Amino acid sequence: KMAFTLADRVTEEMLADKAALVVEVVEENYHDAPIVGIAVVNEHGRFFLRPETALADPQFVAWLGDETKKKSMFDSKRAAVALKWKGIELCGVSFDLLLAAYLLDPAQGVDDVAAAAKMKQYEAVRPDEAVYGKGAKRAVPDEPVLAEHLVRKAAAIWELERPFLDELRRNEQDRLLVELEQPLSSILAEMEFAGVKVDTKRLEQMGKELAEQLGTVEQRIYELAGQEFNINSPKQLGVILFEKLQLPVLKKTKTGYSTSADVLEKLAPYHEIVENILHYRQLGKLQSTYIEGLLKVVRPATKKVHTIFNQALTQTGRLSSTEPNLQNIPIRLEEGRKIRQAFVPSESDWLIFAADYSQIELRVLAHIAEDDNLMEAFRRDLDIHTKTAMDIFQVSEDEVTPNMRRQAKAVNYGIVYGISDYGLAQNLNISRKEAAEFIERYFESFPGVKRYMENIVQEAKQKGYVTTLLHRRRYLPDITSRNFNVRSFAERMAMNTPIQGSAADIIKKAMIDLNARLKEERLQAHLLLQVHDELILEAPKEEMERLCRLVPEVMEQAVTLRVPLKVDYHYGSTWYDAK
């Protein structure tokens, strides 16, 4: 019901200098995954290609790698990375319908061409799920069904570029797509394909020593509990703590007794068992997620892990990392932080270089709210978290422990993002009127932040959305809901999203500037990971001293704010040592 050529060979009219291209990878994880078909729509017509012929044709391969041949795509990072696993470079992507839909409305959840197309009343294409099936029924259909689905996606992309571009322009989002999100997409592709090298012997050795500490703590719990149980069974664990040992019930869940770490810490005066249960969970988390979980996804021949950075998922414009998540590798507890010793450079006498922004979101907040005292504090490079710990625990800067600082950190962001006196008292273990008086005092010193929090909520009520400094957008229909709880959650989104989102815009700008600068200095250094406000690279040890001057400066100059941006940096033999 749509006309196209089922092509055998590649012809010159398939290689026009502007086209919609579909390079279909059905597997969710596209690393080293099969390419099942190719479709091209251009001025000359519509074409389906079998990949075993087009990807071995030198004229088609050259066309893919020629940046003057412009391609409109959906999810071009997926195609680019699977092509790299075929030894093929894709260049010239001038429109990515996934990123365009994500900028226009991140809450759509647009996961395929049909879902983006529906945004513009275009419906002559089917959902990917209806063509391939789901779960155990997933299959590549017969070639004519596949060829028509891929051509319909390409024709949809061909039609939808212009209406998407013109709405992006009306939102002031068109330079965000073309100068930020599309260039970042190619940089993520390289990072994911390069991967990160893992010391599997060291990981395996820690997993052995963990399995032995786990058993010990486990017997000390059973003995403290009188009997044995499934320490992972909330039914059983709840029965032990709040019936057998008769500990107080401080919190319930929708299913029963709460056993979260916040509760278990408040019960430590009552019984020694709760601190052993905490230690047990922590050692079990390291074992399942970060030992077994990481060994499960290492590619054995190279000892590399290849994450996928989802660029069109978070409601704020942050990235996320999946399979493995390399953005939540432990760091705070000493036992967990040693996991970072297994992350090593991919070549001998290379090193890991990490740089990160200091207090990025409070600096963004200072700039956006134009708070006099908050701006002045950062013009003095004050460490607000340490300063806040001193104020809370009535100590000196000498006696600010890392746990007090991390505590003050949660208070600093909590207050500006709408923490209540109740919530503050539960976090500090102070009375509820002391928490409220503290909150009033903090807004006495930063009235401009208070004003911004009110202004941004009223602006979200009247506009229907909030924006970031580079014009990312988030719609907030619930901001006018009549239900008090639903409306309150939306108000705190209006306070938080412009700040977190602007901080995501800034570090994405830095990654793009950094790559251009690495290239102009002809350095071998390349990005491996982004962790929200941190960039991790690897480079020959001979480039470290240049990177100590280049990277901080690039990051600090990514944008110009009314306060300076501050960047800390370390390097060494493993990720562990690069802090």
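The numbering used is simple: start at 1 and walk along the sequence shown.
> Of the two stretches 374 to 382 and 265 to 273, which shows the higher Cα B-factor on average in the entry?
Averaging CA B-factors over each stretch, the winner is 265 to 273.
> Going by the mean C-alpha B-factor recorded in the entry, which is higher: 355 to 363 or 441 to 449?
The deposited B-factors put 441 to 449 ahead on the C-alpha mean.
> Between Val140, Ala80, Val298, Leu188, which carries the biggest CA temperature factor in the record?
Out of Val140, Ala80, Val298, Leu188, the record gives the largest C-alpha B-factor to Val140.
> Identify, among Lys118, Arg126, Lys509, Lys235, the residue whose C-alpha carries the highest B-factor in the deposited PDB entry.
That would be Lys235.
> Quick one: classify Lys18 as lowest, middle or highest third of the chain based on its Cα B-factor.
According to the entry, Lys18 has a C-alpha B-factor in the chain's middle third.
> Going by what the PDB entry lists, where does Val25 fall on CA B-factor within its chain: lowest, middle or highest third?
As the PDB entry reports it, the C-alpha B-factor of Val25 lands in the lowest third of its chain.
> Sorting by Cα B-factor within the chain, modelled residues only, which third would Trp85 end up in: lowest, middle or highest?
It falls in the middle third of the chain.
> If you rank the chain by CA B-factor, which third does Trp158 end up in: lowest, middle or highest?
For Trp158, the deposited C-alpha B-factor lands in the lowest third.
> Classify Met495 as lowest, middle or highest third according to the C-alpha B-factor given in the PDB entry, relative to its own chain.
Lowest third.
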